[PDB]
Amino acid sequence: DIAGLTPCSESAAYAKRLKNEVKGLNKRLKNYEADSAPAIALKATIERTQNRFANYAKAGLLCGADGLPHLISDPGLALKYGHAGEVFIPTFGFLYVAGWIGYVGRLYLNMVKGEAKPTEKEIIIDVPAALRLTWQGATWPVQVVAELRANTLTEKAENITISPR
Amino acid sequence: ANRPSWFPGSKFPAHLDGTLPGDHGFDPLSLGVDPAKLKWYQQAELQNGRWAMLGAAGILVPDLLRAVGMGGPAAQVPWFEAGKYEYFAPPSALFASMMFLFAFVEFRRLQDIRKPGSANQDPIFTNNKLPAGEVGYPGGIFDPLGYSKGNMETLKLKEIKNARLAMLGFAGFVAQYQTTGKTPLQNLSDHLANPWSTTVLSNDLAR
Amino acid sequence: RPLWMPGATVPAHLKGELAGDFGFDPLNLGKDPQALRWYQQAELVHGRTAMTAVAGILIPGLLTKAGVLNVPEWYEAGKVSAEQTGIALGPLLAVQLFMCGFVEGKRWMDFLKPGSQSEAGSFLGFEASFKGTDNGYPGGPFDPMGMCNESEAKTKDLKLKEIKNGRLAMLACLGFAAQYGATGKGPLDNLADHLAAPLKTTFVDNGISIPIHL
Amino acid sequence: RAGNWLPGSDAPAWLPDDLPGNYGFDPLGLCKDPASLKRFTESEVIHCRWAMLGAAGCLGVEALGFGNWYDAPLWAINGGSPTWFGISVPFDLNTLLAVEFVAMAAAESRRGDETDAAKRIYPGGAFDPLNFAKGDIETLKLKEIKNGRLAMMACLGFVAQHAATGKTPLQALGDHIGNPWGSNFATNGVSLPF
Ligand code: CLA
Ligand code: CLA
Ligand SMILES: CC1=C[C@H](O)CC(C)(C)[C@H]1/C=C/C(C)=C/C=C/C(C)=C/C=C/C=C(C)/C=C/C=C(C)/C=C/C1=C(C)C[C@H](O)CC1(C)C
Ligand SMILES: CC1=C[C@H](O)CC(C)(C)[C@H]1/C=C/C(C)=C/C=C/C(C)=C/C=C/C=C(C)/C=C/C=C(C)/C=C/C1=C(C)C[C@H](O)CC1(C)C
Ligand SMILES: CC1=C[C@H](O)CC(C)(C)[C@H]1/C=C/C(C)=C/C=C/C(C)=C/C=C/C=C(C)/C=C/C=C(C)/C=C/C1=C(C)C[C@H](O)CC1(C)C
Ligand SMILES: CC1=C(/C=C/C(C)=C\C=C\C(C)=C/C=C/C=C(C)\C=C\C=C(C)\C=C\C2=C(C)C[C@@H](O)CC2(C)C)C(C)(C)CCC1
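- Determination of this PDB entry was carried out by cryo-EM to a resolution of 2.81 Å, according to the record.

- Under the PDB entry, the name given to chain D is Light-harvesting protein of photosystem I Lhca1, and the source organism is Coelastrella.
- According to the record, the entry carries the title "Cryo-EM structure of the Photosystem I - LHCI supercomplex from Coelastrella sp".

- Where the PDB entry is consulted, chain C appears under the name Light-harvesting protein of photosystem I Lhca8, with the organism given as Coelastrella.

**Let's talk about the overall build of chain D**
- If you tally the helices and strands in chain D, you get six helices and two strands.
- Counting from the amino terminus, helix and strand elements in chain D follow one another as α-α-β-β-α-α-α-α.
- Here the C-alpha radius of gyration of chain D, 21 Å, is well above what a compact globule of 194 residues would show, namely 16 Å.
- Judged by the C-alpha coordinates and their principal axes, chain D covers about 50 × 45 × 30 Å.
- In chain D, which comprises 194 residues, the share counted as buried stands at 20%.
- Nonlocal contacts in chain D, meaning residues at least 24 apart in sequence, comprise 46% of its contacts between residues at least 6 apart.
- Split by element, the accessible area of chain D, about 12,900 Å² in all, is 67% carbon and sulfur.
- One finds the centroid of the 15 positive side-chain charges in chain D at a distance of 4 Å from the centroid of its 20 negative side-chain charges.

**Some thoughts on the interface of chain B and chain D**
- With 11 residues of chain B at the interface, the matching set in chain D holds 11 residues.
- Seen at the junction of chain B and chain D, the total is one salt bridge.
- A salt bridge links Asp10(D) to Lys115(B); the shortest N-O distance between them is 3.3 Å.

**Thoughts on the site of ligand 6**
Residues and elements named next belong to chain A.
- Lining the immediate surroundings of ligand 6 are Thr 91, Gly 99, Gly 102, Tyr 103, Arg 106, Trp 140 and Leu 153.
- With respect to ligand 6, the backbone of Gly 99 contributes an N or O atom lying 3.5 Å from an oxygen atom.
- Burial of ligand 6 by the protein amounts to 29% of the accessible area it has alone, namely 990 Å².
- Among the elements that line the shell around ligand 6, the one with the most residues is helix α4 (residues 88–112), at five residues.

**Some words on the interface of chain C and chain D**
- At the interface, eight residues of chain C touch six residues of chain D.
- Here chain C packs against chain D, burying approximately 700 Å² in sum over the two surfaces, 71% of which is carbon and sulfur.
- By the criterion of area lost to chain D, the three top residues of chain C are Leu69(C), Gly125(C) and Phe126(C), representing 41% of everything that side buries.
- There are zero salt bridges connecting chain C and chain D.
- In this assembly, chain C and chain D are joined by zero residue pairs in polar contact.
- A breakdown of the residues in the side of chain C that touches chain D according to their chemical character gives five nonpolar, three polar and no charged.

**A look at the arrangement of the chains**
- The interface with the highest contact count, out of four pairs of chains in contact, is the one between chains B and D.
- Nothing in chain A touches chain B; the tightest C-alpha to C-alpha distance between them is still 40 Å.
- Separated in space, chain A and chain D share no contact, their closest pair of C-alpha atoms being 36 Å apart.

**Brief notes about the site of ligand 2**
- Around ligand 2, the neighbouring residues are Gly102(A), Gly105(A), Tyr108(A) and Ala130(A).
- Broken down by element, the shell around ligand 2 gets its largest block of residues, three residues, from α4(A).

**A few points about the pattern of salt bridges**
- Applying the stated rule across the entire model yields 22 salt bridges over all chains.
- Between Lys156(A) and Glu155(A) there is a salt bridge; the shortest N-O distance is 3.7 Å.
- A relative accessible area of 46% means that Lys156(A) is categorised as partly exposed.
- For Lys119(D), the salt bridge is made with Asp116(D), and the minimal N-O distance between the two is 3.3 Å.
- Overall, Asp116(D) belongs to the partly exposed group, its relative accessible area being 48%.
- One salt-bridge network, held together by shared partners, links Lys37(B), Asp157(C) and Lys161(C).

**What to know about the coordination of the magnesium atom of ligand 1**
- Looking at the protein side alone, the magnesium atom of ligand 1 has one donor only, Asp74(A) (OD), at 2.4 Å.
- Mapped onto the fold, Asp74(A) is located in the loop between β2 (62–63) and α3 (75–80).

**Examining the state of the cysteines**
- Scanning the model with the defined rule gives one disulfide over all chains in all.
- Between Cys8(A) and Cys63(A) runs a disulfide, and the two sulfur atoms are separated by 2.0 Å. With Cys8(A) in the loop between β1 (6–7) and α1 (12–23) and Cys63(A) in strand β2, the pair connects residues that are 55 residues apart, well separated along the chain. For the pair formed by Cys8(A) and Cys63(A), the shared burial category is buried.
- The thiol of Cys100(C) is unpaired, and the distance to the nearest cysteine sulfur, on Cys173(C), comes to 16 Å.
- Residue classification places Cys100(C) among the partly exposed positions, given a relative accessible area of 37%.

**What to know about the side chain of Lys159(C)**
Residue and element names in this part refer to chain C.
- Looking at the secondary structure, you find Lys 159 in helix α5 (residues 154–183).
- One buried charged side chain, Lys 159, makes no salt bridge at all; its nearest oppositely charged neighbour is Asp 134, positioned 4.2 Å away.
- The residues touching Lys 159, leaving out its near neighbours within four places in the chain, are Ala 19, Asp 134, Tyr 137 and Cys 148.

**Description of the packing of α1(A) against helix α2 (residues 37–58) of chain A**
All names here are of chain A.
- Running from N to C, α1 and α2 point in directions that differ by 175°, and their axes come no closer than 10 Å. Between α1 and α2, the interaxial angle falls into the category roughly antiparallel. Of the residues in α2, those touching α1 at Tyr 14, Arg 17, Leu 18, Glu 21 and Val 22 are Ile 46, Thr 49, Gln 50, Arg 52, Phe 53, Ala 54, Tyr 56 and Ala 57.
- For the contact of α1 with α2, the class distribution of residues is eight nonpolar, two polar and three charged.

**Topic: helix α7 (residues 140–148) of chain A**
All names here are of chain A.
- Within α7 the residues assigned to the buried category are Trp 140, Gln 143, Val 144 and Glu 147. Taken end-on, α7 shows its buried residues confined to a sector of 100°, consistent with a single buried face.
- Looking at the buried positions of α7, the neighbouring elements they touch are α4.

**With respect to the nonpolar core**
Residues and elements named next belong to chain A.
- Core analysis: the biggest nonpolar cluster contains eight residues, these being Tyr 103, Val 104, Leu 107, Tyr 108, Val 112, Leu 133, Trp 140 and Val 144.
- Per-element accounting of this core gives the leading share, five residues, to α4.
- Dropping the residues within four chain positions of it, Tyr 103 is found in contact with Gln 136, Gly 137, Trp 140, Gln 143, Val 144 and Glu 147.
- One finds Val 22, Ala 39, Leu 42 and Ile 46 within the second-largest nonpolar core, a separate group that totals six residues.

Thresholds applied
- Residues numbered from 1 in each chain as written, not as in the entry; some residues may be left out.
- Chains lettered and ligands numbered in written order.
- Part of a larger assembly, values for the part shown.
- Heavy atoms only, no water.
- Helix = DSSP H or I, 4+ residues; strand = E, 2+ residues; numbered from the N terminus.
- Rg over C-alpha atoms; globule rule 2.2 N^0.38 Å.
- Buried < 20%, exposed > 50% of the residue type's maximum accessible area, 1.4 Å probe, protein only.
- Contact = heavy atoms within 4.5 Å.
- Areas by Shrake-Rupley, 256 points an atom, 1.4 Å probe, with all protein chains shown as cover.
- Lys, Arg positive; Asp, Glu negative; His and termini not counted.
- Charge placed at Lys NZ, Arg CZ, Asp CG, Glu CD.
- Salt bridge = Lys/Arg side-chain N within 4 Å of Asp/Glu carboxyl O.
- Near = heavy atom within 4 Å.
- Polar contact = N/O pair within 3.5 Å; in protein donor to acceptor, adjacent residues only side chain to side chain.
- Buried area = accessible area lost by both parts, 1.4 Å probe.
- Nonpolar A, V, L, I, M, F, W, Y, C, P; charged D, E, K, R; others polar.
- Donors = N, O, S within 2.8 Å, 3.2 Å for Na, K, Ca; no water.
- Disulfide = S-S within 2.5 Å.
- Axes fitted to C-alpha atoms, helices over the stretch in contact; angles between N-to-C directions.
- Parallel < 35°, antiparallel > 145°, perpendicular 65-115°, else oblique.
- Arc of directions from axis to C-beta.
- Core = buried A, V, L, I, M, F, W, Y, C linked by side-chain atoms within 4.5 Å.

Encoded structure:
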C-alpha cells in the first residue's frame, strides 16, 4: 500500500531476514555446551530477535523489497491509515519535553537575573531552586501561551543591543 | 438549669439556645449552625415529620386492620405491595393528579417561608383568610378544633417529639422490610416470640 | 482558610476570593490576573460540563442496573444511538459545532469585553439578558429561579458547592475513562467488583495501570 | 394590573401598570429595556392574534367535519387536490407558496413600516370597521390578550396531543371525557419518563 511499501507481515524478505538472522545465531549456539553462560546468552538474543521481528510487523510497519520497515511522515497518510505511532505521535512527545526543558531553563535564568551576582549561580548551580522549577515546566504550553497573550515572552526591540549595520 | 439535653451531662450547641421548639441541643455534625439554614432546616423537620406521622399511621393501621381481619382485601395488601394493588386508575394517573394538587399547596406554603404572612388569603374568596401564624404553623382553618389557644407551646413540644419518633419509625419499617422482607407487625411478632434471639445482630448473622 | 494540604504555603495571587480558593497553584499557573480570570471561567465550564455528563453516565446506568431504563454503556451508547437515530456522524457533529460555536462566541466576546453582548440592538429582543454577572456566572436568563439573589452568603455557599462538586465530577470522568480503559467494564461494574473482594481488586491488580515486567 | 402571577410577590417593577395584560410575570426580566419592552409587547399581541386564528381553524375544520389541521398540509406531498369547505380549488404547492409570500410580504411590511408603535400594536381605522373601540377599549384589550395567550397555549396543546396521543384534538377531548382516569397525558407514554 502507500508507496508500494508491502506490510512486513506480508513481506517475504522480512520473513527471510528472520530465518537467516536466527540461523546465524543458531550456528553460534552449537559451538557451545547447552548450559554455558555463552549459550544462555545466545538463546536470549534468539528470543529477543524473534519477539522484535514480530512486534514490528504486528505494528503494521510497511517495508519495501529490502524487507526493512519504513516510516510515513505525512500526518494525513499516517493518521488515515493507522501509521500514527511512527514519527507523527513521537513528534509531539519530543516537542513537549523539548519545550519543557527550554521553559524550565528560562524560568531559572530569569530568577537568578537580579539575584545578587547572577553569574555565580550559573557555574555553582542552585540545585534547590533548580529542583523547584523542574516540575513548573510540566504545564509549560499553558504558561508560554499566557505570556504571548500578555507580551512577556519576548523583549522590546529598543532594549536589545544590535551590531552596527 | 436549661432545656433537656439529648445526652444529660453534655453541653448545649451554641447555635441551639432553646428558642426552637424541641431544642434539646442536638446538632453533632453542626448541620444547622447557619442561622439562615437553621430556619429552613427547622421547617423541613416539621414537614418531613408531619408527612411521616401520616406515613407511619398509613402502614401500621392497614396492617393492624389486616391482622384483626377487620381490614378488607385492600388492608390484606402489605404496604410494600399496595403500589401493584389495583384501584381505578393506573399508578401513573394517580401520581400525575397528586403532583398538580401538591404544586398548589406546596407553592402556596412556600410563599409563606419566603415572605412570612403573604399567602394567608383565599384567592377565590377575598373574605376568607387565615389569621397571623408562625411560619410552619398555619392555624385558622388549619386548626378547626381551635386547639391553637390551649397550651400551644406544650402541644408544639408534643408534635416535634411525636414527629421525630414517627420519622425514625418510617426508617425502621423500610430497614426491617429491606432486611426481613416482612410487614412491621410481622417483625414485631417475630421479636415478641423469641426476643433474645430475633435481634438485628442474630438476623443479619443468619443472613 | 481550608488549604488543599495542611501547612502548604499559600501562593500570593490566590487570596481567598474565588470559589474553592484552597491555595493550590503549585506550578504558579494562575500568577497572571488575566490568566487566572480565564482559568476561573475555564474551570467553571469544565466542572459544569463534567457534572452534566457524569450525571448522564452514572444516573442512567444505575437505573439500567435497577431495571428502570435500558440505556447502553457510555462507551457504547454513541454507536447504539447512531444506529438508532440514523444521523451520520459527520452531519450530527457539524451541526453541534455550529450551535456550540455561536454560544461560545457570545460568551467568549463577553469575557474579552465584560457585559458587551447586551449591546443595544444586537440580539433582537434579549440583548439585555446577555449582560452577565461576575466571571463564570451569567445571572439572568441562566439561574432563572433566582437562587443566587437570596443573600451574599447563599451565593458564596451555592458557588463553593458548584466548584467542589465540579472538581469531583471532572476527576470522576477521568476515572470512568481510565477504569474502562484498564478494567474494560462500566463504572458500576468496577465498583461492584471492588466491593466484592476489596483487597484483591485494585488498579494495581488490573494489568495495565502498572506493566510489571520485573 | 390584571392580577398577580404569584400572589404575594412584587418583583416586576419595570412593567407598566397600564400595560394591557400586565399580570406581573417576568421571571427572566426580559422587559427591562423600553425598546425591548415595546417589541415584546407587539410580538406578544401579534403571536396572540395569529394563534387565535390558528386555533379557530385547527378545530373549526374538524367541527364542520372536513378533516383535521394536520391532514390539511399533506395533499401536496401526495400530489392531490386542495379543497376549502369541501369546494375544490385549482392550485398547487409552488403557486400557493409564491402567492402567500407576496401577500404576507406586502402586508406585514406595511404593518412594520408604521412608526407610532402604538398603531403597530393597535391600528384601528380600516382595522376597526365595527368601531367597537369607542369605549371600554382598555379592558377589551385585556380580553384580546388573555384569550390570545390561551389560544397560543391551546395551539401548543393541539401539537402535543397529535405528537403523543396522535389522535385529533376533538377526538382526544372525547377520549378524556369518555375515559378521564384512563386516558390522559399521564398515559400517553410520551409525557412521562421514557
Ligand atoms: C509538512 C508538509 C506537508 C507536505 C509536504 C504534505 C503533503 C501531502 N499531504 Mg499533508 N498534512 C500536513 C503536512 C504536509 N502534507 C500537516 C501538517 C497536516 C495536519 C493538518 C496534514 C494533513 C493531511 C491530510 C488529512 C491529508 C494530507 C495529504 C497529503 C498528500 C496529498 C494532499 C495534498 O494535495 O497536499 C497536502 C495536504 C495537506 C497538507 C492537508 C490537507 C489535506 C489534503 C488536502 C486532503 C487530500 C485528501 C486526498 C486523499 C489526497 C490525495 C493524494 C493523492 C496521492 C491521491 C501530500 C503528499 C492527503 C493524503 O495523502 O492522505 C491520505 C490527506 O488526506 N495531509
Ligand atoms: C535554558 C537553556 C537553553 C534554552 C532554553 C535554549 C533555547 C534555544 N537555543 Mg540554545 N544553547 C544552550 C541553551 C539553551 N538554549 C546552551 C547551553 C548552548 C551551548 C551549547 C546553546 C547553544 C545554542 C546554539 C548554537 C543555538 C541555540 C539555539 C536556540 C534556539 C533554537 C531552539 C532550539 O532548538 O534550541 C537549541 C539548543 C541547542 C542547539 C543546544 C542547547 C541544548 C541544551 C542541552 C539545552 C540547555 C539546557 C540547560 C542547561 C538547562 C538549565 C536548567 C537550569 C536549572 C540549570 C532556542 C530558543 C539556536 C538559535 O540561536 O536559534 C536562532 C542556535 O543556533 N542554542
Ligand atoms: C438532627 C441531626 C443533627 C446532627 O448534626 C446530624 C444528624 C444526627 C445526622 C441529624 C439527624 C437527622 C435525622 C435522624 C433525620 C431523619 C429524618 C427522617 C427519618 C425523616 C422521615 C421521613 C418519612 C416520611 C416523610 C414518610 C413518608 C411516607 C409516606 C408519604 C407514605 C407511605 C405509604 C403508606 C402510608 C402506606 C401505603 O400503602 C403505601 C405508601 C403510600 C408508600
Ligand atoms: C443554573 C440553574 C437555574 C436555577 O438557579 C435552579 C436550578 C435549575 C437548580 C440551576 C441548575 C443547576 C444545575 C444544572 C446543577 C447540576 C448539578 C450536577 C449535575 C452536579 C453533578 C455532580 C457529579 C459528580 C460530583 C460525579 C461524581 C462521580 C463519582 C464520584 C464517580 C466515582 C467512580 C469512578 C471515578 C470510577 C468507578 O469505576 C466507579 C466510581 C467509584 C463510581
Ligand atoms: C412572559 C415571560 C417572562 C420571562 O422573563 C421569559 C419568558 C418565560 C420566556 C416569557 C414568556 C414567554 C411566552 C410564554 C411565550 C409563548 C409564546 C407562544 C406559545 C406562542 C404561540 C404561537 C402560536 C401561533 C402564532 C399559532 C399559529 C397558527 C396558525 C397561524 C395557523 C395554523 C393552521 C390552522 C388555522 C388550521 C390548518 O388546517 C392548518 C394551519 C394553517 C397550520
Ligand atoms: C505536523 C508536523 C510537521 C509540519 C510542519 C509544517 C507544515 C509547518 C511547521 C512550522 C513550524 C514547525 C514551526 C514555525 C515556527 C515559527 C515561530 C515564530 C515559533 C517559534 C517558537 C518559539 C519562539 C518558542 C520557543 C520556546 C519558549 C519561548 C519557551 C520553551 O517552550 C522553550 C522554547 C525554546 C521551545 C511535520 C514536519 C510534518 C512533522 C511532523 C509534525
